[PDB]
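Novice: I have a structure here, written as structure tokens, and I will follow up with some questions on it.
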Amino acid sequence: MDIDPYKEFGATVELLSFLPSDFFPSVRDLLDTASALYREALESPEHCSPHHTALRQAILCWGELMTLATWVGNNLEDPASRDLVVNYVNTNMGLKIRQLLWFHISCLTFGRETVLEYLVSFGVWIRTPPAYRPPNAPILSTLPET
Amino acid sequence: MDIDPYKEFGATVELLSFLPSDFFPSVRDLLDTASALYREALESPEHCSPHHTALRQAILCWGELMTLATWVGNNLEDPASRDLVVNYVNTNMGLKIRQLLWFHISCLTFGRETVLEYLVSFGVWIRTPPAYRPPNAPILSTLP
Amino acid sequence: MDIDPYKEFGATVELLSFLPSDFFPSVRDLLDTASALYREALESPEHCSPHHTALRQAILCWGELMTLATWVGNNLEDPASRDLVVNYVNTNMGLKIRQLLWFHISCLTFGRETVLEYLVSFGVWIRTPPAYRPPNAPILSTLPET
Amino acid sequence: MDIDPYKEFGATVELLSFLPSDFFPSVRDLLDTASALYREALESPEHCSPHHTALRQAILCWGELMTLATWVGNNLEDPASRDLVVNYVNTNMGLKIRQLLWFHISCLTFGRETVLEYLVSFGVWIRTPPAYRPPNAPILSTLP
Amino acid sequence: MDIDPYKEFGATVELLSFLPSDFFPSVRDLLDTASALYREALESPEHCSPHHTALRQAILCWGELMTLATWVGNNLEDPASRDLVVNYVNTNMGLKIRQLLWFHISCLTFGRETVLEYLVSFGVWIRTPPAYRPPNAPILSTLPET
Amino acid sequence: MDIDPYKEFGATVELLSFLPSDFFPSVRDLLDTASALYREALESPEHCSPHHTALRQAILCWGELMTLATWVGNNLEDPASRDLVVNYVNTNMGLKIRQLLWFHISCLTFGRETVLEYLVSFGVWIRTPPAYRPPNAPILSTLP
């Protein structure tokens, strides 16, 4: 139509595409982070922030894709096709699900503004020549003192 | 963690299960009604309501599954497997997307309280044995 | 002794008997309606209304009868007797459990008065000759407007 | 859904399990004590207390199981199966009815707080190894 | 170092040792008492009293020892050693875990002072010659009236 | 009942799982740091904080498991079984004791909020793919 999923958050899929693809943690790890942090936050009968709302749907999405991987693994004779599809679920669609979970999860943990600033800083920092950039890549601030 | 998608909206998947699987319109239809009613509402830089937000992730999801179907059509050569899998995307996984789309779309066109009393009243209309069922089922409408 | 279960609710077993037996939904369906509507309502450490209180006990009753169906199915050699009893659990005792769940469940969903009025209206409507009754049978009102 | 029957009354089935199975009086006895103490209270057109309400469903239930036993006696011809099943109604399913009846009947004769401190104090009396157990167990009474 | 577990509660391991070892209920029974009484009390994201705090850790301790009994039962060929260790877990370490659960559980149910007074009274009562002590041993008071 | 040990402290075992198993110092080290910092705090007739209380049960526990290891060394004669079991006490069961000790010890040296933002920030440092990870990991310190 189309509808950019981050547009309501002051971001774009092109803004998330600014970071290298070889950046977002595998979806099992993000899910692990969510369950560790916001399980009771999500399983509650109320939207807290739009970020939660987006996040639940994202997780249900990966849950449906996981169900798909199970059915495809269980119900196909050809191994070349079954392997190509089960691998496609995580390699291609998994990049989008990865950035999707990662964006809201970071947005809850730090803030929308902090993540936006981060996408910018890392997007620039990776693009700069090694000689003229700060020695270590930017990370997400939490408790930096004494 | 389980997290019921409707739980934030005062519902449960058990509440949606009251409706028969042969009830929700094909996803293409919900999408068309969505674009017809709430398109500018969705393509907005500001998030309007929680329903819009849930809805957008729903739509983007279905778009991703459609991309999966196109990719399955272009990549796989054998027709038995590609036909079994392209069908599993539409018939099986499509139900979950259908229920969500219908739930928010209807919540938007009428309201949450209307949709909920509706799920209950429809629950009564469906639970009734056929011999004693009213000639017409309840529907949502603004007149009525 | 005896104690009519609905008497505290301003009703009678004879009042529920006014409706045809071929009316109440099978118990799995009622349970489905309960779990869909009042799971969190029932699993809470407090009686909300007497209707809840009656309802929990009713459900525990059907749970005991279901346990009975399992033991009878698992622990008998004769198939004629095992089938006759397992069928008797739902056919005969199941009518009473059906009306029992249905009455409180409707009483919560609409109101005691609304259900009483309904038992009356349907009890009359089924008894009237087809020519002189409204074309469609009464149903339980919820949201009838525009 | 699981819903513990005593949960609304500030108890759990785990709390009742503190009492041994060889503790609750046969259901006929509870019924007799019930009719002796609270019969007019039960046959009342007005619901008195939540305990009465839970109690009535309990009694009506046991009456239904008794009807089941009579029907099993009249319908089945073979004695091995009818004797195994008529016994399963009294010995096995009867325990759950026994605990409920005893719990409310006792809650009525004394009170909830008395019944609860009782379940605890009895829990202590039973948990104790026999060598160190008091000559007499705790009981409920109004004097004492 | 050492740290007496009851010292913060106004007690000592020597104070618990005052009672005969053949007194504390087997750990499955104590756990049963805990789950019956304080399941919702313990599974809550807050320390209520230090007694709860001690108690959770005690239960996790017995849970680890139970896990140990499972691994030792499952992963050893020699039966004399496997039986000697699996029996040692409950016989020796189980006395300490028993008194540990029992002390806090009683401390919650009655009070710290009531349990201290009880350890004293029973410790004396068992030590007195039969002729000159009260006929029945002391028990933990709860609701003694009419 | 499950009861997560950290749940009372605003954490979960899932929150501690963010740290790799090859992260927590051997239990002897935590104990030594404990005696070095909070020994008089622990040997006190008054309970100071919930962390101290949880900590003492943790320490007494590990002491009991160490007694178990000594007893296994003195009782068992066969070396295959005694070596397999004495090792299972240190490597396997030791992890759970390690996490608890480290969690409270660190909560004491710095504070709960510091430890929690730490578990999160470390979660970010670890979740990152190696190619893009910062040259140094976050640590707790009072300067910094």
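Lettering and numbering for the structure tokens are positional, with chains as A, B, ... in the shown order, residues counted from 1 in each chain, and ligands counted from 1 in the shown order.
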Quick one: residues within 12 Å of residue 114 (chain D), only C-alpha atoms counted, chain neighbours fewer than 2 positions away excluded, as a PyMOL selection string?

Specialist: (chain D and resi 103-104+106-112+116-122+138-142) or (chain E and resi 142-146)

Novice: Would you mind listing what lies within 7 Å of region 78-86 of chain B as a ChimeraX atom specification, with only C-alpha atoms counted and same-chain residues fewer than 3 positions away left out?

Specialist: /A:76 /B:69,72-73,89-90

Novice: Grab the residues selected above and save them as a PDB file, in the first residue's frame with N, CA and C atoms.

Specialist:
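So the final result, stored in again.pdb, reads:
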```
ATOM      1  N   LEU A  76       7.445 -32.805   4.337  1.00  0.00           N
ATOM      2  CA  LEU A  76       7.986 -32.813   2.976  1.00  0.00           C
ATOM      3  C   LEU A  76       9.020 -33.916   2.759  1.00  0.00           C
TER       4      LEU A  76
ATOM      5  N   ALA B  69       5.509 -16.585  -0.545  1.00  0.00           N
ATOM      6  CA  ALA B  69       4.813 -17.368  -1.560  1.00  0.00           C
ATOM      7  C   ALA B  69       5.369 -17.120  -2.965  1.00  0.00           C
ATOM      8  N   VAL B  72       8.663 -18.846  -3.173  1.00  0.00           N
ATOM      9  CA  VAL B  72       8.453 -20.281  -3.313  1.00  0.00           C
ATOM     10  C   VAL B  72       8.059 -20.626  -4.748  1.00  0.00           C
ATOM     11  N   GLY B  73       7.335 -19.718  -5.399  1.00  0.00           N
ATOM     12  CA  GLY B  73       6.953 -19.934  -6.781  1.00  0.00           C
ATOM     13  C   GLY B  73       8.119 -19.828  -7.744  1.00  0.00           C
ATOM     14  N   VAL B  89       0.727 -21.761   3.187  1.00  0.00           N
ATOM     15  CA  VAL B  89       0.791 -20.335   3.523  1.00  0.00           C
ATOM     16  C   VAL B  89      -0.555 -19.639   3.471  1.00  0.00           C
ATOM     17  N   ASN B  90      -1.383 -20.020   2.507  1.00  0.00           N
ATOM     18  CA  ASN B  90      -2.658 -19.349   2.370  1.00  0.00           C
ATOM     19  C   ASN B  90      -3.755 -19.937   3.249  1.00  0.00           C
TER      20      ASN B  90
END
```

Novice: List the spatial neighbours of residue 103 (chain A) as a ChimeraX atom specification - criterion: any atom at most 12 Å away, only C-alpha atoms, same-chain residues fewer than 2 positions off excluded.

Specialist: /A:5-6,9-13,15-17,19,24-25,30,34,51-52,54-55,58,96-101,105-116,118-119

Novice: How would the residues just picked look written out with N, CA, C and O atoms as a compact mmCIF listing (two decimals), in the first residue's frame?

Specialist:
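File produced: out.txt:
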```txt
# COMPACT_ATOMS: atom_id res chain seq x y z
N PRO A 5 6.68 -0.01 8.93
CA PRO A 5 6.41 -0.45 10.31
C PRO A 5 6.99 0.46 11.40
O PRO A 5 6.48 0.50 12.52
N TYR A 6 8.10 1.11 11.08
CA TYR A 6 8.75 2.03 12.00
C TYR A 6 8.29 3.49 11.83
O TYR A 6 8.68 4.36 12.62
N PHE A 9 7.06 5.28 14.61
CA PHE A 9 8.08 5.46 15.64
C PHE A 9 9.15 6.50 15.29
O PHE A 9 10.13 6.68 16.02
N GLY A 10 8.93 7.23 14.20
CA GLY A 10 9.92 8.18 13.72
C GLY A 10 11.14 7.49 13.13
O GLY A 10 12.27 7.87 13.41
N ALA A 11 10.91 6.47 12.32
CA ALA A 11 11.99 5.72 11.69
C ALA A 11 11.50 5.14 10.37
O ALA A 11 10.33 5.29 10.03
N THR A 12 12.39 4.47 9.64
CA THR A 12 12.05 3.86 8.35
C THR A 12 12.76 2.53 8.20
O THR A 12 13.75 2.28 8.88
N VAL A 13 12.26 1.66 7.33
CA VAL A 13 12.95 0.41 7.04
C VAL A 13 14.30 0.71 6.39
O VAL A 13 15.25 -0.08 6.51
N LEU A 15 16.03 3.33 7.26
CA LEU A 15 16.83 3.74 8.41
C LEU A 15 17.44 2.55 9.15
O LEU A 15 18.57 2.62 9.63
N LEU A 16 16.69 1.46 9.25
CA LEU A 16 17.20 0.21 9.82
C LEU A 16 18.16 -0.49 8.86
O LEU A 16 19.04 -1.24 9.27
N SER A 17 17.96 -0.24 7.58
CA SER A 17 18.81 -0.83 6.55
C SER A 17 20.18 -0.14 6.52
O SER A 17 21.10 -0.62 5.88
N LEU A 19 22.24 0.18 9.01
CA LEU A 19 23.16 -0.71 9.70
C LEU A 19 23.45 -1.91 8.82
O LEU A 19 22.59 -2.32 8.03
N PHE A 24 22.27 -7.46 13.64
CA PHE A 24 21.21 -7.86 14.56
C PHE A 24 21.38 -9.29 15.01
O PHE A 24 21.64 -10.18 14.19
N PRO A 25 21.19 -9.53 16.31
CA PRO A 25 21.33 -10.86 16.93
C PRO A 25 20.28 -11.82 16.39
O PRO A 25 19.22 -11.35 15.98
N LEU A 30 17.04 -12.51 20.67
CA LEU A 30 16.17 -11.38 20.95
C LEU A 30 15.00 -11.82 21.79
O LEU A 30 14.63 -11.16 22.76
N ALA A 34 13.73 -10.61 25.42
CA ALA A 34 12.39 -10.15 25.70
C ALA A 34 11.83 -10.90 26.89
O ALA A 34 11.36 -10.29 27.85
N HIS A 51 5.31 0.61 21.65
CA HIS A 51 6.42 -0.31 21.41
C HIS A 51 6.08 -1.71 21.87
O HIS A 51 6.41 -2.68 21.18
N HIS A 52 5.36 -1.83 22.99
CA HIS A 52 4.95 -3.16 23.43
C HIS A 52 4.04 -3.76 22.39
O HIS A 52 4.20 -4.91 22.00
N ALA A 54 3.68 -3.25 19.27
CA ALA A 54 4.31 -3.66 18.05
C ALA A 54 5.05 -4.94 18.32
O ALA A 54 5.03 -5.88 17.51
N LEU A 55 5.63 -4.99 19.51
CA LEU A 55 6.52 -6.07 19.87
C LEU A 55 5.77 -7.41 19.98
O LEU A 55 6.26 -8.44 19.51
N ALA A 58 5.11 -8.72 16.70
CA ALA A 58 6.32 -9.18 16.06
C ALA A 58 6.63 -10.59 16.54
O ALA A 58 6.96 -11.48 15.74
N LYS A 96 14.45 -9.33 8.59
CA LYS A 96 13.38 -8.37 8.85
C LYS A 96 12.75 -8.59 10.22
O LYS A 96 12.43 -7.62 10.94
N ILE A 97 12.55 -9.85 10.59
CA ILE A 97 12.03 -10.13 11.93
C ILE A 97 13.06 -9.74 12.98
O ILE A 97 12.71 -9.25 14.06
N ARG A 98 14.34 -9.90 12.65
CA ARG A 98 15.39 -9.55 13.60
C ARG A 98 15.36 -8.07 13.89
O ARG A 98 15.19 -7.68 15.04
N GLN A 99 15.42 -7.26 12.84
CA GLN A 99 15.44 -5.81 13.04
C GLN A 99 14.14 -5.37 13.70
O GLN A 99 14.15 -4.47 14.54
N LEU A 100 13.05 -6.06 13.38
CA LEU A 100 11.76 -5.71 13.97
C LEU A 100 11.73 -5.89 15.49
O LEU A 100 11.29 -5.00 16.21
N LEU A 101 12.20 -7.04 15.97
CA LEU A 101 12.23 -7.26 17.41
C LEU A 101 13.24 -6.34 18.06
O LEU A 101 12.98 -5.75 19.12
N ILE A 105 12.65 -3.62 21.11
CA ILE A 105 13.24 -4.08 22.36
C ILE A 105 14.24 -3.04 22.87
O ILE A 105 14.27 -2.70 24.06
N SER A 106 15.03 -2.49 21.95
CA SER A 106 15.95 -1.43 22.32
C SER A 106 15.18 -0.17 22.70
O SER A 106 15.54 0.53 23.65
N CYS A 107 14.08 0.08 22.00
CA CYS A 107 13.28 1.27 22.24
C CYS A 107 12.66 1.28 23.64
O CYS A 107 12.47 2.33 24.24
N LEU A 108 12.35 0.09 24.14
CA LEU A 108 11.85 -0.05 25.49
C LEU A 108 12.99 0.09 26.48
O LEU A 108 12.88 0.79 27.48
N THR A 109 14.09 -0.61 26.20
CA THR A 109 15.19 -0.63 27.15
C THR A 109 15.90 0.70 27.35
O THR A 109 16.36 0.98 28.46
N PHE A 110 15.99 1.52 26.31
CA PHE A 110 16.74 2.79 26.40
C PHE A 110 15.86 3.99 26.13
O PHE A 110 15.85 4.94 26.90
N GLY A 111 15.19 3.95 24.99
CA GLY A 111 14.26 4.99 24.61
C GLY A 111 14.25 5.07 23.10
O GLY A 111 15.19 4.63 22.45
N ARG A 112 13.19 5.65 22.55
CA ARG A 112 13.08 5.80 21.10
C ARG A 112 14.19 6.71 20.59
O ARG A 112 14.89 6.40 19.60
N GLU A 113 14.38 7.83 21.28
CA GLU A 113 15.37 8.78 20.85
C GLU A 113 16.76 8.17 20.93
O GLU A 113 17.58 8.37 20.04
N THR A 114 17.00 7.35 21.95
CA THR A 114 18.34 6.82 22.14
C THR A 114 18.68 5.86 21.01
O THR A 114 19.81 5.84 20.51
N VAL A 115 17.70 5.05 20.62
CA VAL A 115 17.89 4.11 19.53
C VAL A 115 18.05 4.81 18.20
O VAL A 115 18.88 4.43 17.40
N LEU A 116 17.27 5.87 17.98
CA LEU A 116 17.39 6.61 16.72
C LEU A 116 18.79 7.20 16.59
O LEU A 116 19.46 7.08 15.54
N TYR A 118 21.33 6.07 18.02
CA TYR A 118 22.24 4.94 17.85
C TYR A 118 22.32 4.44 16.41
O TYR A 118 23.39 4.08 15.94
N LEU A 119 21.19 4.43 15.72
CA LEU A 119 21.14 3.93 14.36
C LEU A 119 21.96 4.88 13.54
O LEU A 119 22.71 4.48 12.66
```

Novice: Compile the contact shell of region 65-70 of chain A as a list in words: residues with an atom at most 10 Å away, counting only C-alpha atoms, same-chain residues fewer than 2 positions apart removed.

Specialist: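 My reading of the contact set: residues 59, 60, 61, 62, 63, 72, 73, 74, 75, 82, 83, 85, 86, 87, 88, 89, 90, 93, 94 and 97 of chain A; 65, 85, 88, 89, 92 and 93 of chain B.
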
Novice: Got a sec to tell me which of chain A DSSP assigns to alpha helix (DSSP H), as a ChimeraX atom specification?

Specialist: /A:13-16,27-37,50-74,79-91,93-109,112-127

Novice: What does the structure give for the distance between CA of residue 129 (chain E) and CA of residue 124 (chain D), in Å to one decimal?

Specialist: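 Computing the Euclidean distance for CA of residue 129 (chain E) and CA of residue 124 (chain D) yields 24.9 Å.
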